[PDB]
Amino acid sequence: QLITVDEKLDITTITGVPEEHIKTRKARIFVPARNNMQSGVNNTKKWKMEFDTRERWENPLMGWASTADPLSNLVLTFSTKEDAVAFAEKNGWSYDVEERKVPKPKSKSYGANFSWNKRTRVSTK
Amino acid sequence: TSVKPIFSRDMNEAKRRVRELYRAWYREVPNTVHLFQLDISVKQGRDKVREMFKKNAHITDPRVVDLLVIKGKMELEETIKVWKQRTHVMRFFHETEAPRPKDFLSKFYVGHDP
Amino acid sequence: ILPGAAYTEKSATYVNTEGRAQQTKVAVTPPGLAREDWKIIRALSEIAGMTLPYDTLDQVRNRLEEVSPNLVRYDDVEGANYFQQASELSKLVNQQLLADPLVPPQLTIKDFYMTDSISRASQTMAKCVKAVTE
Amino acid sequence: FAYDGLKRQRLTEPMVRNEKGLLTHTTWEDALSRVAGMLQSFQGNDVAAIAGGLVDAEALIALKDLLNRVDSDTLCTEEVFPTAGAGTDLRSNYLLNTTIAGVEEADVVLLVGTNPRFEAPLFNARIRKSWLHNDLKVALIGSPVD
Amino acid sequence: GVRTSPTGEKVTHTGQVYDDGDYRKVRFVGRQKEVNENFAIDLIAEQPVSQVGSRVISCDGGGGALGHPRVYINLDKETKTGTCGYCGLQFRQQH
Amino acid sequence: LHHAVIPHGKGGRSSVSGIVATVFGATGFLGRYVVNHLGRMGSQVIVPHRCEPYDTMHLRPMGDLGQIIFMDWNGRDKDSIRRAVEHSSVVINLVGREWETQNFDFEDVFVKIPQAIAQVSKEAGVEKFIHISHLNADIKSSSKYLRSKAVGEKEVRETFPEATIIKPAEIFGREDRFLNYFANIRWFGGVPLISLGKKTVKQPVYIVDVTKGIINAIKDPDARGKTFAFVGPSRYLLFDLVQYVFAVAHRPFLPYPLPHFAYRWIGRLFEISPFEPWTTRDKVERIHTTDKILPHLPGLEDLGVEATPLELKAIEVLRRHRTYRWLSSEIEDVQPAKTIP
Amino acid sequence: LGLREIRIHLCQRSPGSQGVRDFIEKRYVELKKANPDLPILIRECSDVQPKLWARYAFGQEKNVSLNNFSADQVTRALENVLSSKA
Amino acid sequence: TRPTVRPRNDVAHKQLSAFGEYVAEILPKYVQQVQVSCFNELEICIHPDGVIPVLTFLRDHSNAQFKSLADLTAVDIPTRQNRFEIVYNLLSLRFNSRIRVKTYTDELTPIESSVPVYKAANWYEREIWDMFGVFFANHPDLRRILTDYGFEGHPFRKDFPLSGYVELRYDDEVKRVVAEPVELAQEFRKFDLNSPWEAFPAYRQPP
Ligand SMILES: NC(=O)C1=CN([C@@H]2O[C@H](COP(=O)(O)OP(=O)(O)OC[C@H]3O[C@@H](n4cnc5c(N)ncnc54)[C@H](OP(=O)(O)O)[C@@H]3O)[C@@H](O)[C@H]2O)C=CC1
Ligand SMILES: [Zn+2]
């Protein structure tokens, strides 16, 4: 037999996270920008959730990068913006959502390179 | 919003399980101090138990309450059966953590953490 | 001297020439004892018994919204109107145009590389200036 | 390529003037107290601030609120904008109201007293894009820069 | 070569040396600072330039498959030598 | 600040406190707590030791990798002191001994050595200097230990005028020679006391309080050049204190009166031991000395430490002195001691 | 304790800001002529409730909702601020 | 039979497909999906209400006889509203065959305990509760099994950090092991490894 529970989903007290890392963090929900060094677009398909960067310092012995932020490497993947937002809400994280950036559709034409009277005529091939 | 319950049909039934757990913990503190040979008093132990229940007083979902109670009973059983060691019982008191002042200026002086 | 954070070391709001507000993100933390710039002013206000009413980045951005609500509309270009009224008021007082020709501060590439404090401290920007002047 | 300026000439500690008049490292507690003492002793037009070019809005409003609370209104920027008429009352008076992407829809552009190539290189690139693809006509009042 | 700072601490081939006032040099008191003495930048300079009769020479570091990936070096500029990007050996085109 | 000593982190084991501290006498009761608290927050600790390296092993787990550094030193070799302090920003002197030995007398460990450490530290540019004296230090004291503390405390304040001098009462803790000393009197049956302990008053202080006071003195600019007195929250009659010790340990308490000359004679009896004397004539004197009241000096509350009552920590020290029958007895089972209001 | 600054927030297209849009269209020029040295910052933003903010000496601010006000009501809300100073 | 390519086995593919729809015909009340992979593994995806009826049928039916529970585990997929996928891997000795039964649940919905069907499931469900926080109803003895006593959180969830939140050391002052907030001398270095070029067109999702 089912029951009715109309309140919002809030699992912050049964996830075991320290309170500091719930209420002081800022999740960013975004689709990663394409790496401009490459033309492939396969890494701009899914939504990502990451957290705000915190202090890294140099280890006195070696000079390694030390951190005290347990969430420094936490990155989650979501199919849609709604999935990511819903996950952030139930875990108690404040968040910013950045709208997906899709490349504009362009009008390409090989013929324009040899225009009779336009500036698109190319001086070299 | 029709969901399968865990134990409690509504908050009224859940708060009954909460009170039952609180009694069990409250009676158990005197044995825990004695058995684990802790250097704290029964008053401190019961104040700590009270502080643990209080942090969750704002919940209104019966399913969440049920899971908190389930974990509370698991925690109590670990203590009663001396599966926990003294180090585990004392981790609730964070005796080695230095104070971390919680006012804007104090944090500003020490670092970038909000 | 109060050491503040550079644009790479804070989540801070900037408005471009369109009026489009955008925010940076913390890439690294400020060096040494440097601190987030708005926190320095908030900390000073408390020491001087004049505490500003915002303790977090979210709250100070609420304060921004109370002064200009477009400053929290990130990535949005907010239209502005009433050019007619601005032109009407621009006629009330007449001022003389000087005879000096319009000469921009930067006329060639060598003037482009060092314009702010960061680029002036850049050793790479110094290499570029040397390259285009020798 | 200017990011390498972020590893040089950095301010890393608060400084105050010592008894010989030279800047010396000090704590945040000491530095802010010397500032607060002066701020508590001045009012109105005796306190002013100047914001530089790379200043974020959060610091700008925090500084304004602090100076207003000593009844100061001399919050200035280094970059001038004429205050005659509407001044800064109307955003349209000091904005690029056509927006950057709008350059692609213009058929004429008049540049007055500017060198967009170096002042806004990406904006100038947008103009050349429209010059190339939409046969935009461009005229300039000012020095004949390339 | 391995120099010493005005404090006496040896300077590594990467130019590292604790400065006068860096507490971290206490770790060497009663012990020593490990510093390799054979600086590879000086050793590779000792090698003589090799004279070849072709515009393009190949290098694999020597030893066949015990060397580095084989690369081809252009020797058209006379103002300088071609340098192997892996092993640093230098080549020049004779007249 | 030199870039290498700007604090970083969240005050934990892998953080950077900015403190570079040479701790002389780190291998004793007070040393292990001071070194523990420095290493907790990622300080660099230099530990010059006279002892065998086996006896410093308990200090090794106290700091992250590279943060505890050990050197050899000799209290009479001024060069060895220079090597240990020349890189530090603060020097802490915990050196001391409760008995004289063939090689070192109270003047050596409480005057000559503290003076030499302070002198080398000053010449080396060391900025902070914390020196532990004693609450009951007095040039007129009947104890050579307390007379040398008064002299050494004067010489330290002259060599290093900006030193912080801390004057603790008798310190109680797990490895103390205080509560443990009284509890160990049980092997002789009755508990001798001069005038049955009704003429003496003590104000003992918890070890952790002294430790936290030392650590705050390092970080507190106001602490430079000052002299503090670290005392517990309560004053007790020596008779009531020892009675409480035997109650907490559940051992039979059979106090009897012993006059001063008799107690002194036995003190010499135990001084014959070439090892660590169980008691001495000097030790008997200090235990029966009244703890001075010094309202003019700042105290633990001035450094932010809230003194810990003996009633809350006695079981922690004295539980191991019970038999199997009474091991599990809880803290509240024993009624406290009358505190001199 | 005088008046230091006025800010008017409104939407460019919502019907709730129509009265504020009319006031700026018809009366802002004359209002500015009477107070040349008074900053009157108009800041439009999409889908905001119109409000009139007034800043007084020492950073005291009060705000008045202008939602659904007519142009005449906007003139009174501003007249009360420019006169009933505080 | 190209030497570097794994050979297909269509006979096994056919047999498992036929049995897949056999199970779907018999338990339509609970079966939501049946699929056979290109390397011949059969999966039955069911409604969580069907855990006991479906597992009982596969164990006891004369044409199934999946007597052995090889493995019981969970997978966390945060993008799903029911983020936890519960996976039963069963073995049939009689028919020398394997089958996978999958269902789902969220953080707050109990799953019926399968100990009545397979006594092997006891510890597997304790592990799932410990590492994922999925509650199993009517478990004779549900409690942590792998994590430390008093451990907070469920480490195998995708939003639990790799190094956790606390670490242990020995403290001389309190003379015991203590737990403190985690600090790393060297932070784990996240690598971004995925190539921006698609690898497998056969699996491309529609845009
Ligand atoms: N009740 C108390 O404990 C009180 C103590 N104090 C003072 O606090 C300081 C330390 O207290 P505590 O730690 O209890 O004393 P401990 O005897 O417990 O430790 C003494 C330290 O001094 C070192 N030391 C002793 N003699 C020499 C020497 N001749 N040459 C070199 N090092 C030496 C010891 O090193 P090793 O391990 O090599 O012997 C040890 O590390 C002392 O100055 C003491 O007077 C003050 C008030 C009360
Ligand atoms: Zn080579």
# chains A, B, ... in the order shown; residues from 1 in each chain; ligands from 1
>>> residues_around(residues="residue 154 of chain F", least_positions_apart="3", cutoff="12 Å", atoms="only C-alpha atoms", output="ChimeraX atom specification")
/F:110-112,114-115,118,131,133,137-139,147-151,157-161,163,165,227
>>> write_last_selection(atoms="N, CA and C atoms", output="PDB file, in the first residue's frame")
ATOM      1  N   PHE F 110      68.821  24.964  34.897  1.00  0.00           N
ATOM      2  CA  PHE F 110      67.894  26.065  35.096  1.00  0.00           C
ATOM      3  C   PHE F 110      68.539  27.434  34.975  1.00  0.00           C
ATOM      4  N   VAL F 111      69.862  27.516  34.878  1.00  0.00           N
ATOM      5  CA  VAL F 111      70.524  28.804  34.707  1.00  0.00           C
ATOM      6  C   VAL F 111      71.396  28.767  33.462  1.00  0.00           C
ATOM      7  N   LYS F 112      72.433  27.931  33.478  1.00  0.00           N
ATOM      8  CA  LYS F 112      73.423  27.965  32.407  1.00  0.00           C
ATOM      9  C   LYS F 112      72.806  27.606  31.060  1.00  0.00           C
ATOM     10  N   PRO F 114      69.480  27.455  30.050  1.00  0.00           N
ATOM     11  CA  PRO F 114      68.518  28.454  29.564  1.00  0.00           C
ATOM     12  C   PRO F 114      69.172  29.744  29.112  1.00  0.00           C
ATOM     13  N   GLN F 115      70.220  30.190  29.804  1.00  0.00           N
ATOM     14  CA  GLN F 115      70.922  31.393  29.375  1.00  0.00           C
ATOM     15  C   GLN F 115      71.603  31.184  28.030  1.00  0.00           C
ATOM     16  N   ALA F 118      69.012  31.150  25.188  1.00  0.00           N
ATOM     17  CA  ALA F 118      68.524  32.499  24.936  1.00  0.00           C
ATOM     18  C   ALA F 118      69.582  33.352  24.251  1.00  0.00           C
ATOM     19  N   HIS F 131      60.114  30.728  27.418  1.00  0.00           N
ATOM     20  CA  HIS F 131      60.890  30.086  28.464  1.00  0.00           C
ATOM     21  C   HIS F 131      59.954  29.713  29.601  1.00  0.00           C
ATOM     22  N   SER F 133      59.437  28.825  33.404  1.00  0.00           N
ATOM     23  CA  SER F 133      60.024  28.983  34.732  1.00  0.00           C
ATOM     24  C   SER F 133      59.208  28.143  35.716  1.00  0.00           C
ATOM     25  N   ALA F 137      58.915  30.014  41.816  1.00  0.00           N
ATOM     26  CA  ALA F 137      60.305  30.444  41.756  1.00  0.00           C
ATOM     27  C   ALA F 137      60.547  31.563  42.760  1.00  0.00           C
ATOM     28  N   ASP F 138      61.635  31.454  43.516  1.00  0.00           N
ATOM     29  CA  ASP F 138      61.934  32.437  44.548  1.00  0.00           C
ATOM     30  C   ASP F 138      63.380  32.286  44.983  1.00  0.00           C
ATOM     31  N   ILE F 139      64.099  33.406  45.032  1.00  0.00           N
ATOM     32  CA  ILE F 139      65.492  33.378  45.449  1.00  0.00           C
ATOM     33  C   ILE F 139      65.627  32.998  46.919  1.00  0.00           C
ATOM     34  N   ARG F 147      65.063  28.014  43.715  1.00  0.00           N
ATOM     35  CA  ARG F 147      66.016  29.118  43.750  1.00  0.00           C
ATOM     36  C   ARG F 147      66.677  29.312  42.396  1.00  0.00           C
ATOM     37  N   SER F 148      67.005  28.215  41.713  1.00  0.00           N
ATOM     38  CA  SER F 148      67.626  28.313  40.398  1.00  0.00           C
ATOM     39  C   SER F 148      66.640  28.793  39.346  1.00  0.00           C
ATOM     40  N   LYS F 149      65.361  28.464  39.504  1.00  0.00           N
ATOM     41  CA  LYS F 149      64.354  28.979  38.589  1.00  0.00           C
ATOM     42  C   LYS F 149      64.281  30.494  38.663  1.00  0.00           C
ATOM     43  N   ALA F 150      64.354  31.047  39.874  1.00  0.00           N
ATOM     44  CA  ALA F 150      64.337  32.494  40.030  1.00  0.00           C
ATOM     45  C   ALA F 150      65.544  33.133  39.363  1.00  0.00           C
ATOM     46  N   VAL F 151      66.725  32.547  39.544  1.00  0.00           N
ATOM     47  CA  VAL F 151      67.924  33.100  38.926  1.00  0.00           C
ATOM     48  C   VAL F 151      67.856  32.953  37.414  1.00  0.00           C
ATOM     49  N   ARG F 157      65.382  36.941  31.076  1.00  0.00           N
ATOM     50  CA  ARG F 157      64.785  38.237  30.788  1.00  0.00           C
ATOM     51  C   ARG F 157      65.828  39.285  30.428  1.00  0.00           C
ATOM     52  N   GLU F 158      67.092  39.065  30.778  1.00  0.00           N
ATOM     53  CA  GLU F 158      68.147  40.007  30.429  1.00  0.00           C
ATOM     54  C   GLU F 158      68.751  39.699  29.064  1.00  0.00           C
ATOM     55  N   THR F 159      69.040  38.425  28.800  1.00  0.00           N
ATOM     56  CA  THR F 159      69.596  38.039  27.509  1.00  0.00           C
ATOM     57  C   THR F 159      68.604  38.286  26.379  1.00  0.00           C
ATOM     58  N   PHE F 160      67.338  37.951  26.595  1.00  0.00           N
ATOM     59  CA  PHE F 160      66.295  38.034  25.575  1.00  0.00           C
ATOM     60  C   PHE F 160      65.155  38.848  26.168  1.00  0.00           C
ATOM     61  N   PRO F 161      65.256  40.178  26.134  1.00  0.00           N
ATOM     62  CA  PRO F 161      64.246  41.003  26.811  1.00  0.00           C
ATOM     63  C   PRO F 161      62.828  40.759  26.333  1.00  0.00           C
ATOM     64  N   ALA F 163      61.441  37.977  25.569  1.00  0.00           N
ATOM     65  CA  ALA F 163      60.999  36.614  25.808  1.00  0.00           C
ATOM     66  C   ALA F 163      59.650  36.592  26.508  1.00  0.00           C
ATOM     67  N   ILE F 165      57.921  34.542  29.327  1.00  0.00           N
ATOM     68  CA  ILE F 165      58.264  33.672  30.440  1.00  0.00           C
ATOM     69  C   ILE F 165      56.966  33.171  31.051  1.00  0.00           C
ATOM     70  N   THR F 227      55.288  38.162  31.253  1.00  0.00           N
ATOM     71  CA  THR F 227      55.456  37.013  32.131  1.00  0.00           C
ATOM     72  C   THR F 227      54.080  36.578  32.601  1.00  0.00           C
TER      73      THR F 227
END
>>> residues_near_ligand(ligand="ligand 1", cutoff="6 Å", atoms="only C-alpha atoms and all ligand atoms", output="PDB file with C-alpha atoms, in the first residue's frame")
ATOM      1  CA  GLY F  25      63.420  19.536  25.995  1.00  0.00           C
ATOM      2  CA  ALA F  26      60.772  18.106  23.669  1.00  0.00           C
ATOM      3  CA  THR F  27      61.413  14.558  24.928  1.00  0.00           C
ATOM      4  CA  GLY F  28      59.695  15.003  28.295  1.00  0.00           C
ATOM      5  CA  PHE F  29      56.266  15.453  29.849  1.00  0.00           C
ATOM      6  CA  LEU F  30      55.578  18.955  28.556  1.00  0.00           C
ATOM      7  CA  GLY F  31      57.540  18.441  25.348  1.00  0.00           C
ATOM      8  CA  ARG F  50      70.285  14.547  24.069  1.00  0.00           C
ATOM      9  CA  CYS F  51      68.645  11.138  24.535  1.00  0.00           C
ATOM     10  CA  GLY F  75      73.602  21.726  26.688  1.00  0.00           C
ATOM     11  CA  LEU F  94      61.345  23.165  28.135  1.00  0.00           C
ATOM     12  CA  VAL F  95      64.648  21.851  29.496  1.00  0.00           C
ATOM     13  CA  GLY F  96      64.636  20.881  33.144  1.00  0.00           C
ATOM     14  CA  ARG F  97      65.164  18.090  35.626  1.00  0.00           C
ATOM     15  CA  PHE F 104      74.134  18.354  35.700  1.00  0.00           C
ATOM     16  CA  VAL F 109      69.720  23.021  33.692  1.00  0.00           C
ATOM     17  CA  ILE F 132      59.209  27.983  31.153  1.00  0.00           C
ATOM     18  CA  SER F 133      60.024  28.983  34.732  1.00  0.00           C
ATOM     19  CA  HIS F 134      57.943  27.960  37.794  1.00  0.00           C
ATOM     20  CA  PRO F 168      53.145  27.162  35.752  1.00  0.00           C
ATOM     21  CA  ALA F 169      52.057  25.658  39.021  1.00  0.00           C
ATOM     22  CA  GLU F 170      52.460  21.909  39.415  1.00  0.00           C
ATOM     23  CA  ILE F 171      51.174  20.411  36.160  1.00  0.00           C
TER      24      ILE F 171
END
>>> closest_residue(among="A:22, A:65, A:84, A:75", to="chain F", atoms="only C-alpha atoms")
A:65
>>> residues_around(residues="residue 28 of chain B", least_positions_apart="6", cutoff="10 Å", atoms="only C-alpha atoms", output="list in words")
residues 22, 42, 45, 46, 76, 79 and 80 of chain B
>>> residues_around(residues="segment 71-84 of chain G", least_positions_apart="2", cutoff="7 Å", atoms="only C-alpha atoms", output="MDAnalysis selection string")
chainID G and resid 19:20 22:23 66 69 86
>>> closest_atom_pairs(of="chain B", to="chain F", cutoff="12 Å", atoms="only C-alpha atoms", output="Markdown table")
| residue | atom | partner | partner_atom | distance |
| --- | --- | --- | --- | --- |
| B:30 | CA | F:330 | CA | 9.5 |
| B:31 | CA | F:330 | CA | 10.4 |
| B:32 | CA | F:330 | CA | 10.9 |
| B:33 | CA | F:330 | CA | 7.5 |
| B:34 | CA | F:328 | CA | 6.1 |
| B:35 | CA | F:328 | CA | 7.3 |
| B:36 | CA | F:328 | CA | 8.6 |
| B:37 | CA | F:328 | CA | 6.0 |
| B:38 | CA | F:330 | CA | 8.1 |
| B:39 | CA | F:316 | CA | 6.3 |
| B:40 | CA | F:331 | CA | 7.2 |
| B:41 | CA | F:331 | CA | 6.6 |
| B:42 | CA | F:332 | CA | 8.9 |
| B:43 | CA | F:332 | CA | 10.3 |
| B:44 | CA | F:312 | CA | 11.7 |
| B:95 | CA | F:208 | CA | 11.9 |
| B:96 | CA | F:40 | CA | 8.9 |
| B:97 | CA | F:12 | CA | 8.8 |
| B:98 | CA | F:11 | CA | 8.2 |
| B:99 | CA | F:11 | CA | 10.1 |
| B:100 | CA | F:11 | CA | 9.3 |
| B:107 | CA | F:10 | CA | 10.4 |
| B:109 | CA | F:7 | CA | 10.5 |
| B:110 | CA | F:7 | CA | 8.1 |
| B:111 | CA | F:8 | CA | 7.6 |
| B:112 | CA | F:9 | CA | 9.6 |
| B:113 | CA | F:10 | CA | 8.8 |
>>> write_last_selection(atoms="N, CA and C atoms", output="short mmCIF file (atom, residue, chain, number, x, y, z; two decimals), in the first residue's frame")
data_model
loop_
_atom_site.label_atom_id
_atom_site.label_comp_id
_atom_site.auth_asym_id
_atom_site.auth_seq_id
_atom_site.Cartn_x
_atom_site.Cartn_y
_atom_site.Cartn_z
N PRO B 30 24.53 5.38 30.18
CA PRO B 30 25.22 4.93 31.40
C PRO B 30 26.04 3.67 31.21
N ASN B 31 25.57 2.71 30.41
CA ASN B 31 26.37 1.52 30.17
C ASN B 31 27.57 1.82 29.28
N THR B 32 27.38 2.68 28.27
CA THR B 32 28.47 2.98 27.35
C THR B 32 29.65 3.60 28.09
N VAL B 33 29.38 4.58 28.94
CA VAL B 33 30.44 5.21 29.72
C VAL B 33 31.14 4.18 30.58
N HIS B 34 30.37 3.33 31.25
CA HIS B 34 30.93 2.33 32.14
C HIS B 34 31.72 1.28 31.37
N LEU B 35 31.14 0.75 30.30
CA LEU B 35 31.78 -0.35 29.58
C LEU B 35 33.03 0.10 28.84
N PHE B 36 32.96 1.25 28.17
CA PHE B 36 34.09 1.76 27.41
C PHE B 36 35.08 2.51 28.27
N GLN B 37 34.81 2.65 29.57
CA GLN B 37 35.69 3.36 30.48
C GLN B 37 36.02 4.74 29.94
N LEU B 38 34.98 5.44 29.49
CA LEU B 38 35.14 6.79 29.00
C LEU B 38 35.33 7.75 30.17
N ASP B 39 36.09 8.82 29.92
CA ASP B 39 36.34 9.84 30.92
C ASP B 39 35.35 10.99 30.83
N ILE B 40 34.15 10.74 30.33
CA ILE B 40 33.09 11.74 30.29
C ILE B 40 31.98 11.28 31.23
N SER B 41 31.10 12.21 31.56
CA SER B 41 29.99 11.90 32.45
C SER B 41 28.76 11.48 31.66
N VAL B 42 27.83 10.83 32.36
CA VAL B 42 26.58 10.44 31.74
C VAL B 42 25.83 11.66 31.23
N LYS B 43 25.99 12.80 31.89
CA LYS B 43 25.34 14.02 31.43
C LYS B 43 25.88 14.46 30.08
N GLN B 44 27.21 14.45 29.91
CA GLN B 44 27.77 14.79 28.61
C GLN B 44 27.34 13.79 27.54
N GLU B 95 37.37 15.71 19.91
CA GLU B 95 38.17 16.33 20.95
C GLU B 95 39.46 16.96 20.43
N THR B 96 39.95 16.54 19.27
CA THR B 96 41.20 17.05 18.73
C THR B 96 41.00 18.15 17.69
N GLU B 97 39.76 18.47 17.32
CA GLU B 97 39.53 19.51 16.33
C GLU B 97 39.65 20.87 17.00
N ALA B 98 40.52 21.72 16.46
CA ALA B 98 40.68 23.05 16.99
C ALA B 98 39.44 23.89 16.68
N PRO B 99 39.17 24.92 17.49
CA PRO B 99 38.02 25.78 17.20
C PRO B 99 38.16 26.43 15.83
N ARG B 100 37.03 26.53 15.13
CA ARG B 100 36.95 27.18 13.82
C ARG B 100 35.92 28.29 13.95
N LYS B 107 37.07 34.15 9.64
CA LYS B 107 37.37 33.42 8.41
C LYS B 107 38.21 34.26 7.47
N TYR B 109 40.49 36.38 8.09
CA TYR B 109 41.89 36.40 8.47
C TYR B 109 42.60 35.10 8.10
N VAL B 110 41.89 33.97 8.14
CA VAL B 110 42.57 32.69 7.99
C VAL B 110 42.65 32.22 6.54
N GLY B 111 41.67 32.53 5.71
CA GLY B 111 41.76 32.10 4.33
C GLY B 111 40.57 32.50 3.51
N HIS B 112 40.36 31.75 2.43
CA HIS B 112 39.35 32.05 1.43
C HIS B 112 38.06 31.27 1.63
N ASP B 113 38.03 30.31 2.54
CA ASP B 113 36.83 29.52 2.73
C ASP B 113 35.70 30.43 3.22
#
>>> select_by_dssp(residues="chain D", states="strand (DSSP E)", output="PyMOL selection string")
chain D and resi 15-17+23-25+48-51+74-77+108-112+137-141
>>> write_last_selection(atoms="N, CA and C atoms", output="mmCIF file, in the first residue's frame")
data_model
loop_
_atom_site.group_PDB
_atom_site.id
_atom_site.type_symbol
_atom_site.label_atom_id
_atom_site.label_comp_id
_atom_site.auth_asym_id
_atom_site.auth_seq_id
_atom_site.Cartn_x
_atom_site.Cartn_y
_atom_site.Cartn_z
ATOM 1 N N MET D 15 50.478 45.943 3.623
ATOM 2 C CA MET D 15 51.621 46.796 3.897
ATOM 3 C C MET D 15 51.161 48.095 4.532
ATOM 4 N N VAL D 16 52.002 48.622 5.416
ATOM 5 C CA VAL D 16 51.801 49.930 6.018
ATOM 6 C C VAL D 16 53.131 50.661 5.973
ATOM 7 N N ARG D 17 53.066 51.974 6.157
ATOM 8 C CA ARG D 17 54.270 52.784 6.222
ATOM 9 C C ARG D 17 54.851 52.712 7.625
ATOM 10 N N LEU D 23 57.224 51.186 3.058
ATOM 11 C CA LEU D 23 56.213 50.144 3.177
ATOM 12 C C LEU D 23 56.821 48.864 3.730
ATOM 13 N N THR D 24 56.119 48.254 4.683
ATOM 14 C CA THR D 24 56.576 47.045 5.351
ATOM 15 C C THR D 24 55.403 46.097 5.536
ATOM 16 N N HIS D 25 55.689 44.798 5.488
ATOM 17 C CA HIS D 25 54.637 43.802 5.632
ATOM 18 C C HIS D 25 54.021 43.872 7.021
ATOM 19 N N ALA D 48 37.150 59.851 -0.579
ATOM 20 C CA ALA D 48 36.891 59.569 -1.980
ATOM 21 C C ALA D 48 37.482 58.213 -2.332
ATOM 22 N N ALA D 49 37.025 57.658 -3.450
ATOM 23 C CA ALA D 49 37.581 56.424 -3.979
ATOM 24 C C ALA D 49 37.640 56.502 -5.495
ATOM 25 N N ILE D 50 38.604 55.790 -6.069
ATOM 26 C CA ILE D 50 38.755 55.673 -7.512
ATOM 27 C C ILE D 50 38.824 54.197 -7.864
ATOM 28 N N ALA D 51 37.952 53.760 -8.763
ATOM 29 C CA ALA D 51 37.975 52.391 -9.252
ATOM 30 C C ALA D 51 38.780 52.320 -10.540
ATOM 31 N N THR D 74 31.799 60.545 -3.468
ATOM 32 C CA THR D 74 32.866 60.685 -4.454
ATOM 33 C C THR D 74 33.430 59.305 -4.791
ATOM 34 N N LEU D 75 32.585 58.506 -5.430
ATOM 35 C CA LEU D 75 32.984 57.233 -6.018
ATOM 36 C C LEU D 75 33.243 57.486 -7.495
ATOM 37 N N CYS D 76 34.509 57.452 -7.891
ATOM 38 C CA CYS D 76 34.918 57.843 -9.228
ATOM 39 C C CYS D 76 35.538 56.668 -9.968
ATOM 40 N N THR D 77 35.508 56.755 -11.291
ATOM 41 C CA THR D 77 36.276 55.885 -12.163
ATOM 42 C C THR D 77 37.339 56.707 -12.874
ATOM 43 N N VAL D 108 25.574 50.254 -42.874
ATOM 44 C CA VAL D 108 26.570 51.308 -42.777
ATOM 45 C C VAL D 108 27.076 51.345 -41.348
ATOM 46 N N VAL D 109 28.359 51.633 -41.191
ATOM 47 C CA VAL D 109 28.967 51.822 -39.885
ATOM 48 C C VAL D 109 29.801 53.088 -39.940
ATOM 49 N N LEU D 110 29.581 53.976 -38.984
ATOM 50 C CA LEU D 110 30.386 55.174 -38.817
ATOM 51 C C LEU D 110 31.178 55.031 -37.527
ATOM 52 N N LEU D 111 32.496 55.032 -37.644
ATOM 53 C CA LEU D 111 33.391 54.978 -36.498
ATOM 54 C C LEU D 111 33.903 56.384 -36.236
ATOM 55 N N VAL D 112 33.689 56.880 -35.024
ATOM 56 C CA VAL D 112 34.077 58.233 -34.652
ATOM 57 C C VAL D 112 35.084 58.147 -33.519
ATOM 58 N N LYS D 137 29.481 48.897 -45.699
ATOM 59 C CA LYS D 137 30.211 50.138 -45.925
ATOM 60 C C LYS D 137 30.652 50.704 -44.582
ATOM 61 N N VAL D 138 31.934 51.036 -44.467
ATOM 62 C CA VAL D 138 32.512 51.529 -43.223
ATOM 63 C C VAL D 138 33.170 52.872 -43.490
ATOM 64 N N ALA D 139 32.874 53.847 -42.640
ATOM 65 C CA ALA D 139 33.512 55.151 -42.681
ATOM 66 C C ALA D 139 34.022 55.494 -41.291
ATOM 67 N N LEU D 140 35.114 56.251 -41.241
ATOM 68 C CA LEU D 140 35.778 56.572 -39.988
ATOM 69 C C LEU D 140 36.078 58.060 -39.920
ATOM 70 N N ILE D 141 35.674 58.694 -38.824
ATOM 71 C CA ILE D 141 36.112 60.042 -38.480
ATOM 72 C C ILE D 141 37.192 59.905 -37.420
#
>>> residues_near_ligand(ligand="ligand 2", cutoff="10 Å", atoms="only C-alpha atoms and all ligand atoms", output="list in words")
residues 58, 59, 60, 61, 62, 67, 68, 69, 70, 71, 72, 73, 83, 84, 85, 86, 87, 88, 89 and 90 of chain E
>>> interface_residues(of="chain C", to="chain G", cutoff="8 Å", atoms="only C-alpha atoms", output="list in words")
residues 67, 68, 69, 70, 78, 79, 80, 82, 85, 88 and 89 of chain C
